[PDB]
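Next up: a single chain in structure tokens, the form deposited in one PDB entry.
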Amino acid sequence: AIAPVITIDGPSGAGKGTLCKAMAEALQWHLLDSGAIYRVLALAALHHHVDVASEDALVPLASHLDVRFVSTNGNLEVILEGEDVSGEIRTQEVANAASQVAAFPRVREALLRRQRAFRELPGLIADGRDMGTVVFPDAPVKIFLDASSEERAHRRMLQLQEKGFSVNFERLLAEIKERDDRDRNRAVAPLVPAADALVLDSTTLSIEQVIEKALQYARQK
């Protein structure tokens, strides 16, 4: 059977993570954090001294990238070539390099085959920026989760806050907008809602109010 897929795209800080796992737990499907794949790529590009600023060098690393994701059971596990990197892939040096890579056209293509392998029966819940417009433009369900930068920033400042880290708001906002821009305006697989994607807005919708509206969207079809 040709495995069904539901795509969740949108900016950083809209709630694609908790959505994505609330949907893969209730539907009983696999999940794809492809965002965790551009982050690991960069991490391998650091630990391997691979000039992250090199298209010709990033490409080999990307197409050979030895990443893995546990079928889990209650939490997620990001394992690079054999070891959990789940804490390391969320630091400053990485989330930077991550968008310092995704930007590479030839690198997005070298990463195209691994991601799509994430589609299997009973289905697949894909997360990212270009999932419903790139990797899975044939998706029978496409959701675009959006917000406001100010709000989505206000969310990163409390998350960074819930672990005891210095967070000034008036700086992170500009970074959000810093990150957003490069994503909404880069030459390949930019951040932009597929013509058939449901632009869902989570700026004032509770987590419950989001999974409920999306679960209801995927569900008729």
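Take the two forms, find the largest set of C-alpha atoms that superpose within 1.5 Å, and that set is the rigid core. Each residue number is its position in the shown sequence, starting from 1.
One more form of this protein should be noted, the form deposited in another entry, which is absent from this view; the next part is about it.
Query raised in the report: For the list 52, 31, 36, 27, which one shows a CA move of 2 Å or more between the shown form and the other one after the core is fit?
Result: It is 52; the other listed residues stay below 2 Å.
**Report entry** Core-superposed comparison between the shown form and the other one, residue 80 Cα displacement 2 Å or beyond
**Finding:** Passes the 2 Å threshold, so yes.
Query raised in the report: Is residue 135 one of the residues whose Cα moves 2 Å or more between the shown form and the other one, with the core superposed?
Result: No, because once the rigid core is superposed, the C-alpha of residue 135 moves less than 2 Å between the shown form and the other one.
Report task. Would you tell me if residue 115 moves between the shown form and the other one by 2 Å or more at its C-alpha, with the rigid core held superposed? Result -> False for residue 115: its C-alpha shift is below 2 Å.
Query raised in the report: Since the CA distance of residue 31 and residue 80 differs by 3 Å or more in that other deposited form, is it closer or farther than in the form displayed?
Result: Result: closer.
Requested in this report: Have a look at residue 163 and residue 35: in that other deposited form, are their Cα atoms closer together or farther apart than in this form, given the change is 3 Å or more?
Outcome: Residue 163 and residue 35 sit closer together in that other deposited form.
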